[PDB]
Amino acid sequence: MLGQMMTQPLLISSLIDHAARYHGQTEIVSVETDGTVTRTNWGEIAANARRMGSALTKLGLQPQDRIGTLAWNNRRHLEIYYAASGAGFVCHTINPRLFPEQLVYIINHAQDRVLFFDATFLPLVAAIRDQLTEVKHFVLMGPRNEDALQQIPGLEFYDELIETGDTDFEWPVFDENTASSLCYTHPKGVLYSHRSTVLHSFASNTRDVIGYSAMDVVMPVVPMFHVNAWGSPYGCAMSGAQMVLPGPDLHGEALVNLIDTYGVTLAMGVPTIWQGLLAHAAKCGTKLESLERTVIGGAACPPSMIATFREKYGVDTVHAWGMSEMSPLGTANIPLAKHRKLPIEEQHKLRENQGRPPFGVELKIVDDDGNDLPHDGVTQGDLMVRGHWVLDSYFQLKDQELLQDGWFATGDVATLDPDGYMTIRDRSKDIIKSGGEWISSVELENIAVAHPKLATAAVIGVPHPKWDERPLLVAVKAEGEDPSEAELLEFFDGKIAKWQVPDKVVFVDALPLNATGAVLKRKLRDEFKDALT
């Protein structure tokens, strides 16, 4: 027996419709590539999103055709977010800082039919254009420009295209599991749905995760070009938050000036960009008066950075962790009631880890055989996740058997405590599990390659009858040199604990490579099965 409630699909277009209906005049600020500042609002963004969705539809594209972007955080990237998905196409955010052959691989693999790009990337797109055989439309996110058209015949222009859209366009309806958007980690594509997008927004919009309010002025410096700017374009629409979109000017002085000029209350960024922001802030003496809180994810937030925001500015720092495969958010560091009964300096220390998971995601750690390990906060194992916005399989790789008993392995080794707080410790593929302590193979490689007589080297875990696993140095002699095993091993002395030094050295002509370039440490392990027995 079914309930008797109204049932509507969870569609991304409903998010932008709500913001225009109940927060239409709420301000959005957009830093453009030409140095102007657009002052728009949820209502104009919605009408342009509808118009561009009609315009895209009139090009004859098929449902769920991919629409690529190479774009900063600005109003036109935000209109594309909702135009593409709302009209039934797939919004494919591309990282414009990748190498040219990486972009050619990604754009051709996703089969983008349209490529929107900001003017910063004109020369990059013009350079790779010849290799983009499946793109039917290149669209500069600005007005007609005679120089640009010279660089890319026959470029089209956003500000003309959008005028082809009907003013009365209606969003189509479809299954909420319809593919909505795409993001690549050879890089692998994660294909989101409307359902997963909206549930992730819901979760991220709860008070104890991030939680956007109508009273906030939110500045996402995390890029809309990768993992959905942590869901902020969607969460801010559900709540009618004001937004400051920083465009291409991300150096400390510009970001500080945004915060003080528009009164940013909530800022979202990664550690390296914040280091620049805090540097300019210390110099000019600003109090960052409106700032209340900051979300820092994508790389481990440094404890001293948290302390600076707290002690200098009275700003709470939310360390958050995630990945393209989790839409991205998996965990966020927000305290529990009992923590207030601890000494204050221990309360501070509790904020350093990657955080606790919200409803809709589940975490666990497993041993090398895949069996559960205790969540005691000290035992380490391979981190596994599942939930409403965790992927099931990678794009165009459905036949590939990714999940392990319904769980996605993240690649990290981690600890989990009884409350679910997660600490990233290492990467599963990098660990050599020797008896008394685990060894990082990349740390030993970095020592080995610095030797004047080695072209390159690899370090692999190999079996040992007494220690389980021990490191073996697979070295390639540098041109014209004959170093001995003895001296190469002696080069580690004083650079690492002596019990971590590889047990033996083997020489080879070259290392087994991937078309990707990197080493296939798998055949190394097979070929040197009995090196230490």
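For every residue, the number given is its place in the sequence shown, counted from 1.
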Task: Gap size, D405 back to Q404 (deposited sequence, no coordinates) - done: none
Open item on the list: Highest mean C-alpha temperature factor of the two stretches 448-456 and 350-358, which is it?
Closed with: 448-456
- [ ] Mind pulling up the entry and telling me whether 262-270 or 392-400 has the higher mean Cα temperature factor?
- [x] 392-400
Task: Per the PDB entry, maximal CA B factor within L70, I45, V31, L488 - done: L488
- [ ] Name the one of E176, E163, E134, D208 with the greatest CA B-factor according to the PDB entry.
- [x] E134
Open item on the list: Using only modelled residues of the chain, where does the Cα B factor of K477 rank: lowest third, middle third or highest third?
Closed with: highest
Task: CA B-factor placement of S14, once the chain's modelled residues are sorted into thirds - done: lowest
TODO: Classify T40 as lowest, middle or highest third according to the C-alpha B-factor given in the PDB entry, relative to its own chain.
DONE: lowest
TODO: Classify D65 as lowest, middle or highest third according to the C-alpha B-factor given in the PDB entry, relative to its own chain.
DONE: lowest
Task: Chain-relative CA temperature factor third for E253 - done: middle
